[PDB]
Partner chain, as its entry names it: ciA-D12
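We begin with a single chain expressed as structure tokens, specifically the form solved without its partner chain.
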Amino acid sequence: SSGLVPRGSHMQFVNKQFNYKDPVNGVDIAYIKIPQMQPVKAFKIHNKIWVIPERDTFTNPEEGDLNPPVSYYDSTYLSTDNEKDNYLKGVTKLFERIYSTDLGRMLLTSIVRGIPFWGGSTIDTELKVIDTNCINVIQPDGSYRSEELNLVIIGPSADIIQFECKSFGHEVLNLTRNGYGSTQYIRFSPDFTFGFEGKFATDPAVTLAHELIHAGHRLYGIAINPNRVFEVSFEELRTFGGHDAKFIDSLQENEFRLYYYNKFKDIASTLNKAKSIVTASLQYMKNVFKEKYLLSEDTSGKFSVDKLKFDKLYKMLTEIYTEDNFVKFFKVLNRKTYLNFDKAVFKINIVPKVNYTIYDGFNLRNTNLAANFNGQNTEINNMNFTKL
């Protein structure tokens, strides 16, 4: 048994207990393609969020193969159906685990609300989607429909340990850094994890939560350029939080706010100028992004950015949604700075409720493993951790 619904009748964030073998239906189980590949079977676990239980050979054309040229490879991983089902379930469980915490509910709500802006038009009076913020969803009868989405969780490329939150860019627009945002893809595996020193293992809910925090930043187009580094990038230090984030430059973070506060006013000015759209009323999409960015509307219908709601939204995404705060809500052991990852990679299986639960992770209550983080101790609980 998986223990995917420890309390209540049904999972609270993921919409169905999928089986990889479940039939396609064009709604939440479907063959999809990323705007050329071969159709891939995907699961829609929530509004705006799809799971592709496949190795990623799609996003980067330069990464279409799974052999080698801090790392680990294995072309066997995630090639059979039992594996795709185990991964679909592992990702499911972890969403439920994250949503079982106040902070995770806040974060996943923010993500679903962060629809990528409709800035894909070359006519300033016109709202239009950007079609790289979409997937094509094949129906049972063979037809496509283009569906917008915020977040895709997909398997890793050749380098199974490399986890990242990446997205498709625009010729001219820096979508992750102008406020618009864009559809985020997280290369992630629930099937392996990292060691840190007593020799323990990182709880995979923390790691998924890390990448989601990047997804939040990137969905509201307030990411820190990856060229700003110490190499550790500012974006990584922010996402980790705790005392690592203090080292970000002083007032240049206060620059960052002003920059993106202005970027949000450029978006508000764009919504006001909108006079046409290319179904869904111009009214309806303007509201969508009113809700997203917390825009104010006057009796006249003009949009603007309230400084205080901006601050609260940009404080929420950049300082509250951190890896360190998740460590705290999860009450797990984590490395204390972004660098203290030692090079231990472990195979794990979190899907068996006997191995790890939505509420306790590995540190199973009322057992050996509940005290002193034993469940995360790769030697005490070596049952759950196979070193590579």
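Residue numbers count along the first chain shown, from 1.
The same protein also exists as the form deposited with its partner chain bound; that form is not shown, yet it is the one meant from here on.
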Hey, in the deposited bound form, does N355 get a heavy atom within 4.5 angstroms of its partner chain? yes
In the deposited bound form, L66 touching its partner chain (heavy atom, 4.5 Å): no
Taking any heavy atom pair closer than or equal to 4.5 Å as contact, tell me whether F346 reaches its partner chain in the deposited bound form. no
Just to confirm, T270 within 4.5 Å of its partner chain in the deposited bound form by heavy atoms? no
Taking its partner chain in the deposited bound form, which residues of 67 to 99 have any heavy atom within 4.5 Å of it? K89, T92, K93, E96
